[PDB]
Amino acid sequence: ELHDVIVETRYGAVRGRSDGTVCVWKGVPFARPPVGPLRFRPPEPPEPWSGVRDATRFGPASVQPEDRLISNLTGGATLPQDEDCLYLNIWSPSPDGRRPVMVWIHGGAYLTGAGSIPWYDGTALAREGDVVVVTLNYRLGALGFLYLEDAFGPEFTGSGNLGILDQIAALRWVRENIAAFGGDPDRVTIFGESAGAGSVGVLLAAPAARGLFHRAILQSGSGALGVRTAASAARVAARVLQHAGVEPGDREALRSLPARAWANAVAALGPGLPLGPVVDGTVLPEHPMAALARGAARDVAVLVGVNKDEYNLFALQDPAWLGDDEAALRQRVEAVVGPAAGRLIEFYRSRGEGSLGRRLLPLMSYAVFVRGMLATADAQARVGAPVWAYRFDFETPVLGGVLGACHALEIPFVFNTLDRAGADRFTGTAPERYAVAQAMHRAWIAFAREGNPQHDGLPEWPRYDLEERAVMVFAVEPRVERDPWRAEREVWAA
């Protein structure tokens, strides 16, 4: 019973599709295309249009490398891509209403991903929760995060945070236009995973983002993840420019270079997280963790968590983690934790069972993910902001169970997109999957609607506090566990 549904935005009318249970608008522009003079420059509001704009099709993704690690396990194709990528997608029960709004920032290391990916489909959230869901694209890679302040001067001030500024523009668009799609502009929750959660953590710090959301969910990511000093960022940028072949100060070459060549130059630097939001002193005045300590988000309610076996995802690329090679493992640990590596290795090697890599995978999970989660939770608890903590323990059985509860596994559970294409390849085909997704899905709904994640499906979920450190565990049997990271937190402090 699918029918076109037209809604009018400040810029113009948009044509979307509805079965009547739910409506969707795809490829709605929240900014003018960041091309030519707008390339490497802050996002600009879209030009108004006459006529009814088609919102039946997704916008192109930002230019990106293949980053096929998830894709090799999944069946996913390369994303259709263009420098003109600034589009958002809206799911709503109805254009009439003032519903709670959930705004999603995708992950992928500030280099890959898109709002258009099917696992981020908002239909189920909207239907079950009576909420409006928004997914968005932001500039990725060099075009989003290249710090050009030193190389090209003040005209490019803020260049390191362009992707963040895109996210802020989308949030501005929502404030202005969400009512037309049945959303409440005053009731907006931002949620992200990985680099998206890192993005959310930055937005809590950023003055430009203030007042644009009231609540935040950070999944497998935090303000600690990926944030760069201006100096570190300028060094990376020099390397990228070298690969690109653009001399510092050469404006014509900068605008002239094709977008794909920017992607290739970043790829040339090699694997890791070389690009990220920058403490530039404007968009980001301070480090996000410093802002949290200061009480910058004391009004904002936070749901924050991690998966039990985060780093195991990386084993798909690098199988040392499934092995017992000490020299190789030491190198990898040392890359992340530098001088502390030796002491921490001794603590983790003693704990657990199996291969050394299996025993060291928690140390990598803690350094990269758990530390940020806990610092976020602790800062909010100290300021007295409402905060809830979770650990997702449901394991995928795929590839002999070696992934466990790996990074990104929670995403279909939160969105209830388990049946969507490629998800089952990641999550396995177990029937217990659906029950776990329901409890998580409904908690995300509940948080956005009332600022409390508790629902009847769950056991009682206490706010996270320094004394008890209560953490909800999503598992076949959901439970609250108190101070689960205690042993680790003490040893890391030692």
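So that there is no doubt, residue numbering starts at 1 and follows the sequence shown.
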Task: Of 64-72 and 438-446, the one with larger mean CA B-factor - done: 64-72
- [ ] Return whichever of 139-147 and 247-255 has the greater mean Cα B factor according to the PDB record.
- [x] 247-255
Open item on the list: Looking at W262, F394, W91, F314, which one carries the largest C-alpha B-factor according to the PDB entry?
Closed with: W262
Task: Peak C-alpha temperature factor (PDB record), options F426, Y464, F40, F58 - done: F40
Task: B-factor third for the C-alpha atom of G27 within its chain - done: lowest
Task: Lowest, middle or highest third - CA B-factor, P46 - done: middle
Task: Third of the chain's Cα B-factor distribution that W485 belongs to, per the entry - done: highest
Open item on the list: How does the C-alpha B factor of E460 compare with the rest of the chain: lowest, middle or highest third?
Closed with: middle
- [ ] Could you say whether, by C-alpha temperature factor, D121 belongs to the lowest, middle or highest third of its chain?
- [x] lowest
